[PDB]
Every structure is written in C-alpha cells, then in structure tokens.
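Colleague: This is the structure, below, for whatever I ask next.
What follows is calculated from the coordinates using simple rules that are stated; it is not laboratory data. Every residue, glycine among them, receives a Cβ derived from its backbone with ideal geometry; neighbour counts consider all protein chains shown.
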Amino acid sequence: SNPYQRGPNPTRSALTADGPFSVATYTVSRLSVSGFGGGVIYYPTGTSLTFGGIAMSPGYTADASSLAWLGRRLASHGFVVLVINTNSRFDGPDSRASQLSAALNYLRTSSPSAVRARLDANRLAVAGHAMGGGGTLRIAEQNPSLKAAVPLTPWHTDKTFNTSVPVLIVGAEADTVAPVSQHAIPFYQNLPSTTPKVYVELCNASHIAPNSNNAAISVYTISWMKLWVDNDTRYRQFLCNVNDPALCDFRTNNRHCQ
C-alpha cells in the first residue's frame, strides 16, 4: 500500500482537465520573501492529506500568470505548487535555478500555515518554461534530493547537465525561441544514460504552447510528478508504450516503466 497515493484510478481524459482536489490560492508578494520575487501558491483545500511540493519558474520577461493554468492543473490533481515571480523579469536560467532553490526552501520552512499543513517537505520536484526550463535542469544538477524535473520548451546556453533527478522534457516542434535541435534534444541526449529521462515533442507547437491549457503538457507533467513525487505506478500507463497523436516524437531509456 502506497501512503503517498492520491485521487482515483486515472483516465487520460481526467488528466486533460482539473483533478478531484479543490484548489486554494495564496499570493506571495515579492517584498515578503528573499531569494525570489514571490509568486502564487496553488494547493489542495477541503482535505486533511499531505502532498508533494513543486517549484515552477516562468520564462524570460514572463510572470507567474504565464503558468497559472498549469499550477492550478497540478494542484487540482494533488500537489502544493509555487509558481514563482523572478527578482527581475530579465533574470537568466541560472538565476532562475537559484530562485527555484530559494522557492523550495521557502515552501519547506516559511510558507503560510494552510500551505505547510498540505506539504510533505520530504517530496519536492521542479518544473519551468523556457529559461525557467533551463533553471529546472540546473537546480536538478545542484539538488539530487529532488524527486522529478519537467523542463517545458527549455532554453539554456549550456547543453550538458549532470543530474540523476528523473527528467521529462517537453519540446515544441516549431519552437523559434528555444529550437528543439539546439536546446530540448541536446539536453535530453546529454543527460546521463543512467538518469530516468523522457522527451515528448508536441506536433507543430510554438514556444508558448506551455502558457495555455494544453492536453499533452497536462497528461505528461501530471503523470511524471505522480510517478516520481508520489511513487504512483498507476501513472506509468501514460508514460510507457505511448502512441499520442499530439506528439511527433517520443524518446525514453524506459527506466521508469518497471
């Protein structure tokens, strides 16, 4: 019996909409915290259970509202999710990594009463869009205690990350900001072969695909977090032997399937 298991037996359909958990929001002002620019916490309410934590970084010149739908989506399926604002909208990927670190420390140590009540501080993960995706890869390299990392259409000038943290990268086929050939695909291939890794490439998708309700991003982000943060093997079925018409490529070393 898995003590971290949450919600009913999943259907793919159920992972394309908000999950069974009611979502509370807490606005963290940038002057209320050090090491990052505050943001919005999406967390389960109407429940006495504890859940894993996710720090999520938006991309260059973007704010927390650019990943609001996904923070809510993940929270609704049973996670405490802090979508950060950066100290500056112009902060680079390695700056975003440091702020994700401060955000994770904040959630564990100085988050509001209702948030701490729902958080299992032992089970933490990271995700991010673009330069935020770059930051996600960097913090994974720095913090091997993290359960999972989901870089969404990630951007970074460095291509090789020495992380053991399970990584699922979402590439957008027609990305002109972070071209998959220069960013996402190199990141995937340059990850250690012993690191549980998945690459999904969205058919004819743009760089901003992760900034609005996206069925595929929903399915793969929820499933990866569920499998690694909660040890919930009910979500293997969505990450193993995948034939998804929304994907124009799917790659994995298949370490997560048994």
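Colleague: Net charge around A178, counting only other residues with Cβ within less than 14 Å of its Cβ (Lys, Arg = +1; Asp, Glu = -1)?
Modeller: -2
Colleague: Could you give the size of the charge dipole of the range 142-258 about its Cα centre, using +1 on the Cβ of each K and R and -1 on the Cβ of each D and E, expressed in debye and rounded to the nearest 20?
Modeller: 380
Colleague: Nearest 20 debye, what's the magnitude of the dipole of the chain about its Cα centre given +1 on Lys and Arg Cβ and -1 on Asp and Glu Cβ?
Modeller: 600
Colleague: Right, here's the next one. Taking +1 at the Cβ of each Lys and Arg and -1 at the Cβ of each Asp and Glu, which of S95, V219, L107 sits farthest along the dipole of the chain towards its positive end, judged by Cα position relative to the Cα centre?
Modeller: The residue sitting farthest along the positive end of the dipole is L107.
Colleague: Okay, next question. Could you give me the ³J(HN,Hα) list for the range 240-250, computed from phi with Karplus coefficients 6.51, -1.76, 1.60 and θ = phi - 60°, whole Hz, x at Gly and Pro?
Modeller: Per-residue couplings from phi come out as 10, 6, 8, 10, 10, x, 6, 9, 10, 7, 9 Hz.
Colleague: While we're here: Could you work out how far the C-alpha centroid of the range 1-58 sits from that of the range 161-212, in angstrom?
Modeller: 23
Colleague: While we're on this one: Can you list which of the DSSP-assigned H helices in the chain have a Cα extent of 18 Å or more along the long axis and an average Kyte-Doolittle score of at least 1.0?
Modeller: 215-229
Colleague: In percent, how large is the relative contact order of the range 1-88, given Cα pairs closer than 8 Å and 6 or more residues apart?
Modeller: Result for the range 1-88 is 35 percent.
Colleague: With the contact rule set at Cα under 8 Å and sequence spacing of 6 or more, what percent relative contact order holds for the chain?
Modeller: Contact order relative to length: 18 percent.
Colleague: I've got another one for you. Run the Debye formula on the Cα coordinates of the range 87-164, all scatterers equal and no solvent, and tell me log10 I(q)/I(0) at q = 0.12, 0.22, 0.23 1/Å.
Modeller: So the normalised log intensities work out to -0.33, -0.97, -1.03.
Colleague: In Å, what Rg and Dmax follow from the Cα atoms of the chain?
Modeller: Every Cα atom of the chain included, Rg and Dmax give 16.3, 47 Å.
Colleague: For the range 82-220, with only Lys/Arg (+1) and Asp/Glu (-1) charged at the beta-carbon, what is the dipole magnitude about the Cα centre, in debye rounded to 20?
Modeller: 500
Colleague: Which of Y26, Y42 has the fewest other C-beta atoms within 10 Å, and how do the rest follow up to the most?
Modeller: In order of increasing Cβ crowding within 10 Å: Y26, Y42.
Colleague: Obtain the nm distance between the two label points defined at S13 and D120 by a simple spin-label model: each point lies 7 Å from its Cα along the Cα-to-C-beta direction.
Modeller: Placing both labels 7 Å along Cα→Cβ, they lie 2.9 nm apart.
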